[PDB]
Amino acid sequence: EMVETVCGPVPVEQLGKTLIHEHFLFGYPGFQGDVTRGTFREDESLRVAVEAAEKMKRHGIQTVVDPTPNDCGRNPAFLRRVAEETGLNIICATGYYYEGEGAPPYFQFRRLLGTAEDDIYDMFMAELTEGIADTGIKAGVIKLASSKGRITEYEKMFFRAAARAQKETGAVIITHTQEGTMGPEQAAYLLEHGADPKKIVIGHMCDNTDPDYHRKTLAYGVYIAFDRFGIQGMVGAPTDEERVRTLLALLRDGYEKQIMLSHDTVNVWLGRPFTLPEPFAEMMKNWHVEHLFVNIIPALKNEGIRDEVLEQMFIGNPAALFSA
């Protein structure tokens, strides 16, 4: 009946309205090497992160799951500062990213030593049950990620280790899927290694616009997340209009007890600042923590989606997910 947050154990019944997937900080692996020109400005970063948290609170959000991977600049102590300042519950993750935006050399080397999968399991257990570094903060979810059209040999080590850790702890698993691929495959592979579908959220499912793909994933009894609302503009990637269309089809089928919504925001980028080209920037303008509440939810309600269904997704589902 408890979940580990960056401020310690909190009753699951008190989580309330939740965003299942947002980042306060995030950096692409390699950002650390660009420290001279891409300094981490902690004060300004905290101010921005706190402002984001306050924007969430204004729409009734009480809890955020921040699944920033261990190799992507995860900073539990920083998250704790945000939570202490705002009263928001923040749940962090233990896990590594997928190969293309991860840092595989370290555990690839340990794989050559023959200990990598066991080391990963040990890491998960340490961070779920003991604490991260010297912070005293425990992770509340395991973050998994796969590549485009493939769960690689490297990635599979983490999947297997995650299943082992989940069996021992009852921990929630949150995943990344790449470019609308591998949803059913992730669910199937985790379940074959004994993971509990009621403790799994298959992420970035909104990237795929074919509802049959979602239904294949939902068939495993897992949660799915439409967690990238506001991200638009890349070549073959979907629009919010497409995301909403897909979501409406699944709600019509009665899948609301398996669906959660988020934005996958990056409120503070680690490394050097950057700007997107003007056409791309305009397309990305809705990518912020208020977008679900100001734009998407009103659109769902315009289509006749009832408040009880919306409450199921934002309140009921996180409560059920984190409950034994």
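Residue indices: 1-based, along the sequence shown.
Note on 236-244 vs 72-80: mean CA B-factor is higher in 236-244.
Here 43-51 and 273-281 are compared by their mean Cα B-factor, and 273-281 comes out higher. Per the deposited coordinates, the residue with the largest Cα temperature factor out of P105, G140, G114, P184 is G114. When the C-alpha B factors of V35, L261, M56, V65 are read from the deposited coordinates, the top value falls at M56.
When all modelled residues of the chain are sorted by CA temperature factor, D307 is found within the highest third. Compared with the other modelled residues of the chain, the Cα B-factor recorded for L88 ranks in the highest third.
Per the deposited record, the Cα B-factor of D122 falls in the middle third when ranked against the other modelled residues of its chain. Sort the modelled residues of the chain by CA B factor and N208 lands in the middle third. When the modelled residues of the chain are ordered by their C-alpha B factor, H21 lands in the lowest third.
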